[PDB]
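Take a look at this one chain, the form deposited without the ligand, written out in structure tokens.
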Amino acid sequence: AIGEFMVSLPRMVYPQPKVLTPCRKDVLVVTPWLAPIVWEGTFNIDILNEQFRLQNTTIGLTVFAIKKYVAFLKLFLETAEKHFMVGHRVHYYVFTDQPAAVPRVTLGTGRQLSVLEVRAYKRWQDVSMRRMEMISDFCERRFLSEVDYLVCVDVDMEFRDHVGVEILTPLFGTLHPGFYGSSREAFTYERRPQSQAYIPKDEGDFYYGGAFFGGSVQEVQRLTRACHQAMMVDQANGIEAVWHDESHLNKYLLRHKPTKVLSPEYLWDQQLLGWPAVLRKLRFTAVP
């Protein structure tokens, strides 16, 4: 559960934080609205693990695997078992058009998987809107009873390093690895005023990736509901945003600021971008 009376932490011995020493000198570690930007060196995972285990935290992971993308699930789940929220309760939700193609992956204790079938829609429009629509319906269903936080990711990926409770907060986005060093005029936001996703050239904090976002169930139900309704307006107006639900996600997080932002450690592509010195760990990566 979240925000509930929480017991005292036990005695712990760790290095004293030093007020007059920055934790990173090469990157921004806090937004202008005082949300942490999560990089290696910003968190002590031992303290955070204690805090979240004392709250009996359950994390849901949602992933959509449609048509040939089912091929990606075996590595995705195997690597999640090695690196995602180890030590905590996890519930994976795999949305697919092919229930029988889901691989039988062995899970650690406290971890479960549900397979949810999707309707194989006739119209590409309903396909484009499907993820936001489905996440928001289950949010008001199983998710509210079953998990405290939801993480929504793409399947054509693998975990290579720790992804844990440091990311948990009411609402988070992740810096897209193609744009974290770019000026805002270069961001690929929707630029046509006729779209609900429109953001003007002089606005924008970050370009967030559609492949990794999440939050508390309530906040994820708000975001996905908003993006789905906005996409439905655009479809009625005969316009499709340049980057589909990612365009809507960016308009949402511009107007409703995330309470944590994840660094590109959490969403990377080594084939296209290599391993820059500013990335001390590559945690969740494109499969080539």
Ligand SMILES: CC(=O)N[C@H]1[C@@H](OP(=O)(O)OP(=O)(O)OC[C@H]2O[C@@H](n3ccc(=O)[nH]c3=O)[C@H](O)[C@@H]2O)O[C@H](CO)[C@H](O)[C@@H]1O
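Rigid core: the largest C-alpha set superposing within 1.5 Å between the two forms. One-based numbering along the sequence shown.
Higher-B stretch (mean Cα B-factor, as the entry records it), 11-19 or 263-271 = Comparing 11-19 with 263-271, the higher mean C-alpha B-factor belongs to 11-19.
Identify the stretch, either 95-103 or 74-82, whose C-alpha atoms have the larger mean B-factor according to the entry.
-> That would be 95-103.
Maximum C-alpha temperature factor, selected from 159, 212, 143, 207 | Of the options given, 143 has the highest CA B-factor in the PDB entry.
Largest Cα B-factor, entry values, listed residues 242, 29, 227, 59 = When the deposited C-alpha B-factors of 242, 29, 227, 59 are compared, 242 is largest.
Report the third (lowest, middle or highest) to which the CA temperature factor of residue 216 belongs, ranking only the modelled residues of the same chain.
-> It falls in the bottom third of the chain.
Which third, lowest, middle or highest, does the CA B-factor of residue 149 fall in along this chain?
-> It falls in the bottom third of the chain.
Third of the chain's Cα B-factor distribution that residue 41 belongs to, per the entry = It falls in the middle third of the chain.
Going by the recorded CA B-factors, say which third of the chain residue 49 sits in, lowest, middle or highest.
-> Its C-alpha B-factor belongs to the lowest third of this chain's values.
Could you tell me which third, lowest, middle or highest, the C-alpha B-factor of residue 127 occupies within its chain?
-> Highest third.
Below, we refer to the form deposited with the ligand bound, which is not included among the displayed structures.
One stretch from 158-166, 84-92, 119-127, 101-109 that, in the deposited bound form, holds residues within 4.5 Å of the ligand by heavy atom | Correct option: 119-127.
Identify which of 239, 28, 66, 45 has a heavy atom within 4.5 Å of the ligand in the deposited bound form; exactly one of them does.
-> Looking at the other structure, the residue within range turns out to be 66.
Do residue 154 and the ligand share at least one heavy atom pair within 4.5 Å in the deposited bound form?
-> Because a heavy atom of residue 154 falls inside 4.5 Å of the ligand in the deposited bound form, the answer is yes.
Within a 4.5 Å heavy atom cut-off, is residue 252 in contact with the ligand in the deposited bound form?
-> So residue 252 does not count as contacting the ligand.
Using the partner position in the deposited bound form, report whether residue 52 sits within 4.5 Å of the ligand, counting heavy atoms only.
-> No.
Quick one: which residues from 226-256 get a non-hydrogen atom within 4.5 Å of the ligand in the deposited bound form?
-> Stretch hits: a single one, 243.
After superposing the two forms on their rigid core, pick out the one entry in 136, 196, 128, 96 with a CA shift of 2 Å or more between the shown form and the other one.
-> Result of the comparison: 128.
Since the C-alpha distance between residue 153 and residue 128 changes by 3 Å or more in the deposited bound form, give its direction relative to the shown form: closer or farther.
-> Closer together, which means the C-alphas of residue 153 and residue 128 are at least 3 Å nearer in the deposited bound form.
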